[PDB]
Every structure is written in C-alpha cells, then in structure tokens.
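Each chain, written out:
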Amino acid sequence: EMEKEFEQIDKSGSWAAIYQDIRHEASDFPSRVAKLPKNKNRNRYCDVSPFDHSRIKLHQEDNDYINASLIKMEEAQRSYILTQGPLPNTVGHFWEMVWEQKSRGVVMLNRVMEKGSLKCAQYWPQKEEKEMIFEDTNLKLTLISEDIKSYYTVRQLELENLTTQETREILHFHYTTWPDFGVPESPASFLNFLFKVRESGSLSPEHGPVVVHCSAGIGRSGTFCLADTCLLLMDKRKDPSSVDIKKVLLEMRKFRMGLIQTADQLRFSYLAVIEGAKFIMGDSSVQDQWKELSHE
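Residues numbered from 1 in each chain as written, not as in the entry; some residues may be left out. Heavy atoms only, no water. Residues with missing side-chain atoms left out of burial classes, pairs and counts.

Method of structure determination, per the deposited record: X-ray crystallography was used for this entry, reaching 3.10 Å resolution.

Written as structure tokens, this is what we have:
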C-alpha cells in the first residue's frame, strides 16, 4: 500500500510531482501576529511563520509571541511543538516556552553552523561549569551530562525557574548529521534516533509536547514528526495499509506551513515509515539492527 505507492512513484520518477500535489493542497491560514512590525526581530526567516490559531503563546504580558506552532495529531494522540532555531534574542523565549508548555524533550535536527552560515543560536550550555542565565525570562539552564554518539548527542539539562526555585530535567536530542535541505544518511540511522527519543518518554502523554526544531523548524522537523505520527498510527491499528502518508502530511500542514521542504525529504518519509513498520509489525530484532547499521 505505502510500498506500491512507493515503487509506483519511484519507477515513474514523480516524487516532485507528488510533492507539488501536497504543496498545492496545503492549508493557508493567517499569520497576522507573526507579521506585526514589533515581532520582526523574533522571526529567523520572514517567509516561515506560525499560523495564529496554532501558535504557542508565551505566558507573559509584554509580548507573547514566539515562532512556534503546536501540531496536534488527534488520531495519533500525540502533540508536537515545532519552532525555529532560537535567535540570539529569543533564547529566553525558547526556554520560557519549554517551561510553560512543560516539555520533557527538545529535539534538534540541525547544527549551529551549516554550509558556513549560522542557522541557530547556542541556546544551551556546552560545559557543566558555565551555566546559562536568561535574565529576560528569569530562568537558569545547566548542563548535567552529555552522551555523544557518532551522529547524535543526548544531553541531560537542568532548567530552573529563578522566580520559584523549581527544577526540571530536560533531555536534548541533537541530530548532527542531517543537512539543511537534505535527508538522514539512512532510514536505519534516522529511526534509531527517533526510537531513542521515544525510549526516554519525552513523547509520552504524561509530559507536555516535545519541542522539535531545525533552522526554520519545518523541513527536517516535519520529516521527524511525519514519520513518528505515521508509525504511531500504524501501531494503534496494526494496519499499515490504513495510513496515508500524504494525508498525514496535509493534516500536519494545517498546524504549520511548509512542513517537509523537499521532494527527497518526502521520499525519505516513506522510506522511514516503510522500514519502521517492520518494528511495529512484530519484528523486535530490527531495533538492534538499526543500531548496528547506524554505527553510533
């Protein structure tokens, strides 16, 4: 079903055409809050904005704007917050959102520097000794430990509300080998990273929605979330034939614009779900097979 669709598109070579079909059909909603002149310096890219109905509001009286959208997958029963790579001035805003939304995980699918250009601010401490203080949002962030694997890094972070002295453990999942308008090296390595995020509980319902971001938070971020949702939908029904990836992407596109940026990214999305289905359909050993194939 998702493979007959795959082979049909591949042998014809119409990924670009299938993708335009998505681009044409995607929802269009007003971004009036994001476009206000006072929020000009809060957006990384002018042409990537959260819709007004699904945007996350910061819990402050001054300015509640942050370039972030809540993607609510009702059937899948999972919610994601997709945001841009924090700007130098929105780093406080970012962690304010994390604290307010009660997020357990932060998934980063981009590097700070990519293709020689700055794609995101250093918004978390790199060294245990030098913790970060965000004066504008009254928050503390300390690095507790990091586990650097060959292509991703998991970090344990301590977030502290300086107002109440309340503490929270944040997990930071940093994918380091995923190019800007590119794809992961293999479905094997991607899924391994996804299932590592899954294993932490950061996606579980007892926590606020996970924060997913790349540079703009639509391309790679959309790829991560689409794949996760599809697999989750497949798991709920135990019926791989029942999930229509294109339909899931369009459903997602109701909450945030331009999710998945290239036709190749869509091709990967299929590849990731088809392979991940194996683990969902009762083959537990492929989980360890992805870990061997990724060389982490």
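Visitor: Would you explain the packing of aromatic side chains in this entry?
Guide: In this description, a pair of aromatic rings is defined by centroid distance and the angle of the planes. Summed over all chains, the structure comprises 18 aromatic pairs. A ring pair is formed by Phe94 and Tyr123, whose centres lie 4.8 Å apart and whose planes are at 50°; its orientation type is tilted. Residue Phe94 is found in helix α3 (residues 91-100), and its partner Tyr123 is found in the loop between β6 (117-118) and β7 (132-134); the two are separated by 29 residues along the sequence. Look at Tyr123 and you get buried, because its relative accessible area is 0%. Note on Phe195 and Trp290: the rings are 5.3 Å apart at their centroids and 50° apart in plane angle, and the pair reads as tilted. Taken together, the positions of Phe195 in helix α4 (residues 187-200) and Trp290 in helix α8 (residues 285-294) put the pair 95 residues apart, joining distant regions of the chain. Comparing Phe195 with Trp290, the two get one shared label, buried. Aromatic rings pair up to connect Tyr151, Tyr152, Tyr175, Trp178, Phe190, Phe193, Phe224 and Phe268 into one cluster. (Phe/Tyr/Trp six-rings, centres within 6.5 Å; stacked < 30°, edge-to-face > 60°. Helix = DSSP H or I, 4+ residues; strand = E, 2+ residues; numbered from the N terminus. Buried < 20%, exposed > 50% of the residue type's maximum accessible area, 1.4 Å probe, protein only.)

Visitor: How should the pattern of salt bridges be read in this particular structure?
Guide: Taken as a whole and judged by the stated rule, the model has 18 salt bridges. The salt bridge partner of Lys149 is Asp147, with a shortest N-O separation of 3.9 Å. Residue classification places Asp147 among the partly exposed positions, given a relative accessible area of 40%. We note a salt bridge from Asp235 to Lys238, for which the minimum N-O separation is 3.0 Å. Given the relative accessible area of 30%, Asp235 is considered partly exposed. (Salt bridge = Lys/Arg side-chain N within 4 Å of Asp/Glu carboxyl O.)

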